[PDB]
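Engineer: I'm passing along data25.txt; it holds compact mmCIF, C-alpha atoms.
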# COMPACT_ATOMS: atom_id res chain seq x y z
CA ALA M 2 0.00 0.00 0.00
CA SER M 3 1.33 3.28 1.26
CA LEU M 4 1.27 4.19 4.92
CA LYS M 5 -1.09 5.40 7.39
CA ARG M 6 -1.09 2.19 9.39
CA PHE M 7 -4.41 1.27 10.96
CA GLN M 8 -4.85 -0.84 14.03
CA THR M 9 -5.90 -4.49 13.77
CA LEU M 10 -5.43 -7.77 15.68
CA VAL M 11 -3.08 -9.03 12.95
CA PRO M 12 -0.97 -6.43 11.09
CA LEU M 13 -0.40 -7.50 7.50
CA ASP M 14 1.91 -6.33 4.75
CA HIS M 15 0.06 -5.49 1.54
CA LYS M 16 2.74 -6.73 -0.85
CA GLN M 17 0.94 -6.47 -4.19
CA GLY M 18 -2.67 -6.63 -5.32
CA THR M 19 -4.11 -9.70 -3.68
CA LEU M 20 -0.92 -10.82 -1.89
CA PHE M 21 -0.85 -10.14 1.88
CA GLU M 22 1.62 -11.43 4.48
CA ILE M 23 1.50 -11.55 8.26
CA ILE M 24 4.07 -9.26 9.92
CA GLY M 25 6.39 -10.91 12.46
CA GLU M 26 4.94 -13.45 14.88
CA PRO M 27 1.72 -12.16 16.46
CA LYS M 28 -0.49 -14.28 18.67
CA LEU M 29 -3.27 -15.21 16.24
CA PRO M 30 -7.00 -15.16 17.20
CA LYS M 31 -8.51 -18.63 17.76
CA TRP M 32 -10.99 -18.10 14.92
CA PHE M 33 -8.40 -16.88 12.44
CA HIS M 34 -7.05 -19.37 9.89
CA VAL M 35 -3.95 -18.57 7.87
CA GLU M 36 -5.76 -19.96 4.79
CA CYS M 37 -8.12 -16.97 4.68
CA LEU M 38 -5.09 -14.86 3.69
CA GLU M 39 -5.43 -16.40 0.25
CA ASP M 40 -8.54 -14.71 -1.12
CA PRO M 41 -9.46 -11.42 0.57
CA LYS M 42 -12.30 -9.20 -0.64
CA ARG M 43 -11.57 -5.56 -1.42
CA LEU M 44 -14.02 -2.66 -1.29
CA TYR M 45 -13.35 0.99 -2.08
CA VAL M 46 -14.17 3.92 0.19
CA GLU M 47 -13.13 7.60 0.11
CA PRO M 48 -10.22 8.09 2.53
CA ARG M 49 -11.86 10.71 4.72
CA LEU M 50 -14.46 8.13 5.77
CA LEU M 51 -11.81 5.76 7.20
CA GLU M 52 -11.45 7.33 10.63
CA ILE M 53 -15.18 8.05 10.87
CA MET M 54 -15.94 4.40 10.13
CA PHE M 55 -13.11 2.93 12.21
CA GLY M 56 -12.06 5.60 14.68
CA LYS M 57 -8.78 7.47 14.91
CA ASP M 58 -5.86 5.27 13.68
CA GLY M 59 -8.55 2.64 13.18
CA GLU M 60 -8.64 2.13 16.94
CA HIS M 61 -12.06 0.35 16.86
CA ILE M 62 -10.99 -2.19 14.25
CA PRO M 63 -9.86 -4.87 16.74
CA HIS M 64 -13.39 -4.77 18.28
CA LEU M 65 -14.99 -5.03 14.84
CA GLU M 66 -12.67 -7.89 13.87
CA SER M 67 -13.59 -9.73 17.08
CA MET M 68 -17.30 -9.28 16.35
CA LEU M 69 -17.07 -10.18 12.65
CA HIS M 70 -14.41 -12.89 12.78
CA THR M 71 -12.75 -11.32 9.77
CA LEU M 72 -9.45 -9.47 9.60
CA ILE M 73 -9.66 -5.91 8.30
CA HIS M 74 -6.76 -4.32 6.46
CA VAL M 75 -6.80 -0.64 5.47
CA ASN M 76 -4.68 0.70 2.59
CA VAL M 77 -4.73 4.44 2.13
CA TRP M 78 -2.80 6.70 -0.26
CA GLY M 79 -3.36 10.33 -1.25
CA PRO M 80 -6.54 12.37 -0.61
CA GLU M 81 -7.38 12.05 -4.32
CA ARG M 82 -7.26 8.26 -4.48
CA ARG M 83 -9.85 5.79 -3.17
CA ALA M 84 -8.87 3.86 -0.03
CA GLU M 85 -9.11 0.09 0.04
CA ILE M 86 -10.59 -1.95 2.84
CA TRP M 87 -9.51 -5.55 2.59
CA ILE M 88 -11.47 -8.27 4.32
CA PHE M 89 -10.20 -11.77 5.20
CA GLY M 90 -12.12 -14.91 6.04
CA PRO M 91 -14.42 -17.64 4.70
CA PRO M 92 -16.25 -16.37 1.56
CA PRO M 93 -19.71 -16.94 3.12
CA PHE M 94 -18.50 -14.36 5.64
CA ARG M 95 -16.64 -11.89 3.40
CA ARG M 96 -19.87 -11.30 1.45
CA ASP M 97 -22.07 -10.14 4.34
CA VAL M 98 -19.29 -8.31 6.15
CA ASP M 99 -18.99 -6.55 2.78
CA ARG M 100 -22.63 -5.39 2.96
CA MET M 101 -22.15 -4.35 6.61
CA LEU M 102 -19.07 -2.19 5.77
CA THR M 103 -20.93 -0.68 2.82
CA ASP M 104 -23.93 0.08 5.06
CA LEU M 105 -21.55 1.56 7.65
CA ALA M 106 -19.90 3.69 4.98
CA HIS M 107 -23.31 5.03 3.85
CA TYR M 108 -24.09 6.08 7.41
CA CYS M 109 -20.69 7.73 7.97
CA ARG M 110 -21.02 9.61 4.70
CA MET M 111 -24.36 11.08 5.83
CA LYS M 112 -22.94 12.09 9.21
CA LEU M 113 -19.90 13.65 7.50
CA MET M 114 -22.19 15.81 5.39
CA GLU M 115 -24.29 16.75 8.39
CA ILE M 116 -21.50 17.55 10.89
CA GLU M 117 -19.96 19.98 8.40
CA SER S 3 -21.58 4.74 31.10
CA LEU S 4 -25.19 5.60 31.94
CA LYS S 5 -28.63 4.06 32.55
CA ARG S 6 -29.82 5.13 29.09
CA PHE S 7 -27.39 4.19 26.30
CA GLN S 8 -27.30 5.96 22.93
CA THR S 9 -29.14 4.64 19.92
CA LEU S 10 -30.63 5.73 16.61
CA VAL S 11 -34.14 5.09 18.02
CA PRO S 12 -34.58 5.49 21.75
CA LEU S 13 -37.13 3.03 23.13
CA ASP S 14 -39.14 2.54 26.33
CA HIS S 15 -38.84 -0.99 27.65
CA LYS S 16 -42.38 -1.64 28.88
CA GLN S 17 -42.34 -5.33 29.79
CA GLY S 18 -40.43 -8.40 28.63
CA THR S 19 -40.68 -8.37 24.83
CA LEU S 20 -42.76 -5.18 24.64
CA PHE S 21 -41.00 -1.98 23.64
CA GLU S 22 -42.21 1.39 22.40
CA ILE S 23 -40.54 4.15 20.38
CA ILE S 24 -40.21 7.32 22.48
CA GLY S 25 -41.66 10.50 20.92
CA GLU S 26 -41.37 11.10 17.15
CA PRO S 27 -37.74 10.60 15.99
CA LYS S 28 -36.77 10.52 12.33
CA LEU S 29 -36.32 6.83 11.59
CA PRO S 30 -33.42 5.27 9.69
CA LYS S 31 -34.45 4.39 6.11
CA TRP S 32 -33.74 0.72 6.77
CA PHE S 33 -35.81 0.56 9.92
CA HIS S 34 -39.56 -0.17 10.24
CA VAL S 35 -41.61 -0.16 13.45
CA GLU S 36 -42.65 -3.77 12.89
CA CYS S 37 -39.02 -4.74 13.58
CA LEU S 38 -39.91 -4.30 17.26
CA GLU S 39 -42.07 -7.45 16.88
CA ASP S 40 -38.97 -9.62 16.46
CA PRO S 41 -36.84 -8.91 19.51
CA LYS S 42 -33.92 -11.12 20.54
CA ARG S 43 -32.34 -10.85 23.97
CA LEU S 44 -28.77 -11.48 25.17
CA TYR S 45 -27.41 -11.28 28.70
CA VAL S 46 -24.12 -9.71 29.74
CA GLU S 47 -22.36 -8.58 32.93
CA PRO S 48 -23.04 -4.87 33.21
CA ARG S 49 -19.28 -4.24 33.53
CA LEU S 50 -18.79 -5.15 29.88
CA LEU S 51 -21.31 -2.67 28.44
CA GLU S 52 -19.06 0.41 28.17
CA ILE S 53 -16.22 -1.77 26.90
CA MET S 54 -18.45 -3.26 24.18
CA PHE S 55 -20.30 -0.08 23.23
CA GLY S 56 -18.34 2.94 24.40
CA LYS S 57 -19.02 5.38 27.23
CA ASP S 58 -22.81 5.80 27.52
CA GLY S 59 -23.10 3.56 24.47
CA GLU S 60 -21.63 6.15 22.15
CA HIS S 61 -20.67 3.61 19.48
CA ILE S 62 -24.09 1.97 19.24
CA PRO S 63 -25.49 4.15 16.44
CA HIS S 64 -22.52 3.13 14.24
CA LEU S 65 -22.99 -0.52 15.19
CA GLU S 66 -26.72 -0.29 14.48
CA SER S 67 -26.00 1.28 11.09
CA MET S 68 -23.50 -1.45 10.27
CA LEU S 69 -25.80 -4.25 11.39
CA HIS S 70 -29.08 -2.69 10.30
CA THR S 71 -30.44 -3.66 13.69
CA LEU S 72 -31.53 -1.56 16.63
CA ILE S 73 -29.83 -2.21 19.95
CA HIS S 74 -31.54 -1.52 23.27
CA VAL S 75 -29.63 -1.88 26.53
CA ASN S 76 -31.44 -2.49 29.81
CA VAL S 77 -29.21 -2.37 32.86
CA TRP S 78 -29.94 -2.79 36.57
CA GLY S 79 -27.65 -3.75 39.45
CA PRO S 80 -23.93 -4.40 38.96
CA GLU S 81 -24.86 -7.80 40.34
CA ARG S 82 -27.49 -8.92 37.86
CA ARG S 83 -27.15 -9.50 34.13
CA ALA S 84 -27.66 -6.57 31.79
CA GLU S 85 -29.96 -7.30 28.84
CA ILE S 86 -29.05 -6.46 25.24
CA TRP S 87 -32.09 -6.41 23.00
CA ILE S 88 -31.90 -6.42 19.22
CA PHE S 89 -34.67 -6.00 16.66
CA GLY S 90 -33.19 -7.75 13.62
CA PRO S 91 -32.62 -9.55 11.20
CA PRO S 92 -28.86 -10.43 10.65
CA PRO S 93 -26.26 -9.66 7.90
CA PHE S 94 -23.99 -12.71 8.26
CA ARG S 95 -23.81 -16.49 8.36
CA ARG S 96 -23.29 -15.52 12.01
CA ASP S 97 -26.38 -14.29 13.85
CA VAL S 98 -26.17 -10.72 15.05
CA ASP S 99 -26.79 -12.62 18.27
CA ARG S 100 -23.53 -14.51 17.83
CA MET S 101 -21.56 -11.46 16.70
CA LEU S 102 -22.54 -9.62 19.90
CA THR S 103 -21.87 -12.51 22.27
CA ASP S 104 -18.47 -12.85 20.56
CA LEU S 105 -17.83 -9.11 21.06
CA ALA S 106 -18.67 -9.58 24.73
CA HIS S 107 -16.30 -12.57 24.98
CA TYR S 108 -13.44 -10.52 23.52
CA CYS S 109 -14.29 -7.66 25.89
CA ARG S 110 -14.46 -9.96 28.91
CA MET S 111 -10.95 -11.19 28.15
CA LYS S 112 -9.55 -7.77 27.31
CA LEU S 113 -10.95 -6.65 30.67
CA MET S 114 -8.06 -8.56 32.27
Kindly transcribe the structure held in the file into structure tokens.
Structural biologist:
Amino acid sequence: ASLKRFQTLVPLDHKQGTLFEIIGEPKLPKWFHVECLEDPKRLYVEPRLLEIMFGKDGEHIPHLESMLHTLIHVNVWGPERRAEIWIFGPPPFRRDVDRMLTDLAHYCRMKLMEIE
Amino acid sequence: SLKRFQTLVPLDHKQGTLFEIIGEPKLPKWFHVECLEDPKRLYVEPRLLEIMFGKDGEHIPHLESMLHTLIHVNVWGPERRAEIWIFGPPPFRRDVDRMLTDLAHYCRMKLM
């Protein structure tokens, strides 16, 4: 990616496109299976939404990950480029977590335009 | 955290499964009053509530918007179980029920 680094239970390196790698030797969550690292789902969001959706430095992401049983990885670049939220787990899960994050994004977008 | 927690649609908990919307709030597009006819209840130690949901439940409106489910928190003594009430349905192979008990589990552990 490029770096703002967001919090998560398992920090990953975004190597290239679909390739992610676990950084160092973290204690993994009981529900997390290394195999899920193979096919993550990506969804785009504008960058300014990231900290509204996930809190400052993505501080609420470990809670969300615990609730969803999917890893969340955030890649962010310039203000002019779309951010990428990458989601990791069983495909039956990645689909509905995808709708949840889209629904959350819709909400945060409305609040953004109201708080201004 | 308080005795009333935050939410998109503040409710009065009348008795058991019976709730009522307080006043005339603008409702979320995804929400319909008939949702209140499908409550599910979960129990939790009161101590976990502010860990799970933020001070005074300040994160609940985000959670509700993610889940498309209203969350009502009834709390009593620090002794007895708090009730979490949800008016669904779920967006995952995992019941909103299961996602919230799992959140509580994580928060129980992190509380050590």
Engineer: Could you build a table of the residues in chain M lying no more than 6 Å from chain S, giving for each the nearest pair of atoms and their separation in Å rounded to one decimal place, using all atoms listed in the file, ordered by chain and ascending residue number, as a tab-separated table?
Structural biologist:
residue	atom	partner	partner_atom	distance
M:67	CA	S:105	CA	5.8
M:68	CA	S:105	CA	4.7
M:97	CA	S:94	CA	5.1
M:101	CA	S:68	CA	4.9
M:104	CA	S:68	CA	5.4
M:105	CA	S:68	CA	4.4
Engineer: Could you check the closest approach to residue 10 in chain S for each of M:89, M:9, M:36, M:108 and tell me which residue wins, using all atoms listed in the file?
Structural biologist: M:108
Engineer: Measuring between only C-alpha atoms, which one of M:2, M:100, M:92, M:38 shows the shortest distance to residue 78 in chain M?
Structural biologist: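 The closest residue to residue 78 in chain M is M:2.
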Engineer: Go ahead and compute the interatomic distance for CA of residue 84 in chain S and CA of residue 25 in chain S, in Å to one decimal.
Structural biologist: 24.6 Å
Engineer: Here's a test: counting all atoms listed in the file, identify every protein, DNA and RNA residue with an atom at most 10 Å from (-17.7, -1.3, 3.8) in the file's coordinate frame, and state them as a PyMOL selection string.
Structural biologist: (chain M and resi 43-46+51+54+85-88+97-107) or (chain S and resi 68)
Engineer: Between CA of residue 21 in chain M and CA of residue 79 in chain M, what is the distance, to one decimal in Å?
Structural biologist: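 CA of residue 21 in chain M sits 20.9 Å away from CA of residue 79 in chain M.
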Engineer: Considering only C-alpha atoms, return as a ChimeraX atom specification whatever protein or nucleic-acid residues lie within 10 Å of residue 6 in chain S, sequence-local ones (same chain, fewer than 2 positions apart) excluded.
Structural biologist: /S:3-4,8-9,12-13,58-59,74-77
Engineer: Please provide the set of residues having any atom within 9 Å of range 30-34 of chain M, restricted to only C-alpha atoms, with same-chain residues fewer than 6 positions apart removed, written as a PyMOL selection string.
Structural biologist: chain M and resi 10-11+67+70-72+90
Engineer: Please produce an output containing C-alpha atoms for each residue in the selection, written as a short mmCIF file (atom, residue, chain, number, x, y, z; two decimals), in the frame of the given file.
Structural biologist:
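Output contents, as saved in out-v2.cif:
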data_model
loop_
_atom_site.label_atom_id
_atom_site.label_comp_id
_atom_site.auth_asym_id
_atom_site.auth_seq_id
_atom_site.Cartn_x
_atom_site.Cartn_y
_atom_site.Cartn_z
CA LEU M 10 -5.43 -7.77 15.68
CA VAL M 11 -3.08 -9.03 12.95
CA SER M 67 -13.59 -9.73 17.08
CA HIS M 70 -14.41 -12.89 12.78
CA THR M 71 -12.75 -11.32 9.77
CA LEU M 72 -9.45 -9.47 9.60
CA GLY M 90 -12.12 -14.91 6.04
#
Engineer: Which residue out of M:25, M:12, M:48, M:63 has the minimum interatomic distance to residue 77 in chain M when all atoms listed in the file are used?
Structural biologist: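 Closest to residue 77 in chain M, using all atoms listed in the file: M:48.
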Engineer: Ranking S:11, S:51, S:24, S:29 by minimum distance to residue 85 in chain S and counting all atoms listed in the file, which one comes first?
Structural biologist: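 Smallest separation from residue 85 in chain S among the options: S:51.
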Engineer: Return the single residue from M:112, M:91, M:59, M:7 that is closest to residue 39 in chain M, with distances computed using all atoms listed in the file.
Structural biologist: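 Checking each candidate against residue 39 in chain M, we get M:91 as the closest.
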Engineer: Which of these residues is nearest to residue 87 in chain S, using only C-alpha atoms: S:28, S:42, S:34, S:49?
Structural biologist: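 Going through S:28, S:42, S:34, S:49 one by one, the smallest distance to residue 87 in chain S is for S:42.
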Engineer: How many Å lie between CA of residue 84 in chain M and CA of residue 64 in chain M, rounded to one decimal?
Structural biologist: 20.7 Å
Engineer: Quick test: take range 49-75 of chain S, keep N, CA and C atoms, and write it as an mmCIF file, in the first residue's frame.
Structural biologist:
data_model
loop_
_atom_site.group_PDB
_atom_site.id
_atom_site.type_symbol
_atom_site.label_atom_id
_atom_site.label_comp_id
_atom_site.auth_asym_id
_atom_site.auth_seq_id
_atom_site.Cartn_x
_atom_site.Cartn_y
_atom_site.Cartn_z
ATOM 1 N N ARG S 49 -20.641 -4.780 33.637
ATOM 2 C CA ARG S 49 -19.280 -4.241 33.529
ATOM 3 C C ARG S 49 -18.759 -4.183 32.088
ATOM 4 N N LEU S 50 -19.274 -5.067 31.245
ATOM 5 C CA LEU S 50 -18.785 -5.149 29.876
ATOM 6 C C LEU S 50 -19.368 -4.081 28.963
ATOM 7 N N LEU S 51 -20.532 -3.534 29.338
ATOM 8 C CA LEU S 51 -21.306 -2.665 28.441
ATOM 9 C C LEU S 51 -20.510 -1.504 27.841
ATOM 10 N N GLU S 52 -19.823 -0.729 28.677
ATOM 11 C CA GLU S 52 -19.062 0.413 28.173
ATOM 12 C C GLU S 52 -17.811 -0.020 27.398
ATOM 13 N N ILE S 53 -17.317 -1.221 27.680
ATOM 14 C CA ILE S 53 -16.219 -1.771 26.902
ATOM 15 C C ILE S 53 -16.723 -2.151 25.513
ATOM 16 N N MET S 54 -17.840 -2.877 25.463
ATOM 17 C CA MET S 54 -18.445 -3.264 24.181
ATOM 18 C C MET S 54 -18.927 -2.079 23.348
ATOM 19 N N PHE S 55 -19.527 -1.077 23.989
ATOM 20 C CA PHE S 55 -20.301 -0.084 23.228
ATOM 21 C C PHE S 55 -19.824 1.355 23.344
ATOM 22 N N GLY S 56 -18.794 1.586 24.150
ATOM 23 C CA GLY S 56 -18.341 2.944 24.398
ATOM 24 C C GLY S 56 -19.022 3.546 25.615
ATOM 25 N N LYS S 57 -18.440 4.619 26.135
ATOM 26 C CA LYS S 57 -19.020 5.384 27.229
ATOM 27 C C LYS S 57 -20.459 5.765 26.871
ATOM 28 N N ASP S 58 -21.399 5.486 27.768
ATOM 29 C CA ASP S 58 -22.810 5.801 27.521
ATOM 30 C C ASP S 58 -23.336 5.218 26.213
ATOM 31 N N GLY S 59 -22.636 4.227 25.668
ATOM 32 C CA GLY S 59 -23.095 3.557 24.469
ATOM 33 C C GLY S 59 -22.897 4.395 23.238
ATOM 34 N N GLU S 60 -21.832 5.190 23.230
ATOM 35 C CA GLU S 60 -21.633 6.150 22.151
ATOM 36 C C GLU S 60 -21.325 5.530 20.782
ATOM 37 N N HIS S 61 -20.984 4.252 20.749
ATOM 38 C CA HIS S 61 -20.671 3.610 19.477
ATOM 39 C C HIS S 61 -21.842 2.846 18.890
ATOM 40 N N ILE S 62 -22.935 2.781 19.640
ATOM 41 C CA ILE S 62 -24.088 1.974 19.238
ATOM 42 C C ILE S 62 -24.729 2.406 17.917
ATOM 43 N N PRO S 63 -24.892 3.720 17.710
ATOM 44 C CA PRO S 63 -25.485 4.151 16.439
ATOM 45 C C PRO S 63 -24.692 3.721 15.206
ATOM 46 N N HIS S 64 -23.362 3.666 15.313
ATOM 47 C CA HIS S 64 -22.520 3.127 14.240
ATOM 48 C C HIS S 64 -22.778 1.643 14.081
ATOM 49 N N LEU S 65 -22.753 0.926 15.201
ATOM 50 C CA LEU S 65 -22.988 -0.523 15.193
ATOM 51 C C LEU S 65 -24.355 -0.851 14.601
ATOM 52 N N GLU S 66 -25.368 -0.069 14.979
ATOM 53 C CA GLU S 66 -26.723 -0.288 14.480
ATOM 54 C C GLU S 66 -26.760 -0.064 12.979
ATOM 55 N N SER S 67 -26.057 0.970 12.517
ATOM 56 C CA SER S 67 -26.003 1.284 11.089
ATOM 57 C C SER S 67 -25.211 0.234 10.291
ATOM 58 N N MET S 68 -24.233 -0.382 10.929
ATOM 59 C CA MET S 68 -23.496 -1.447 10.274
ATOM 60 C C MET S 68 -24.377 -2.682 10.166
ATOM 61 N N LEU S 69 -25.046 -3.010 11.269
ATOM 62 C CA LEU S 69 -25.803 -4.248 11.391
ATOM 63 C C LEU S 69 -27.220 -4.138 10.829
ATOM 64 N N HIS S 70 -27.690 -2.910 10.660
ATOM 65 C CA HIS S 70 -29.079 -2.689 10.299
ATOM 66 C C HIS S 70 -29.994 -3.357 11.322
ATOM 67 N N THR S 71 -29.685 -3.096 12.588
ATOM 68 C CA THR S 71 -30.437 -3.663 13.689
ATOM 69 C C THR S 71 -30.325 -2.687 14.835
ATOM 70 N N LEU S 72 -31.449 -2.463 15.496
ATOM 71 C CA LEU S 72 -31.533 -1.561 16.632
ATOM 72 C C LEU S 72 -31.040 -2.315 17.847
ATOM 73 N N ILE S 73 -30.389 -1.608 18.758
ATOM 74 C CA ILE S 73 -29.835 -2.213 19.946
ATOM 75 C C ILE S 73 -30.381 -1.444 21.128
ATOM 76 N N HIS S 74 -31.092 -2.135 22.018
ATOM 77 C CA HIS S 74 -31.538 -1.524 23.265
ATOM 78 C C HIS S 74 -30.840 -2.213 24.448
ATOM 79 N N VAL S 75 -30.315 -1.396 25.350
ATOM 80 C CA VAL S 75 -29.625 -1.884 26.528
ATOM 81 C C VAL S 75 -30.428 -1.559 27.776
#
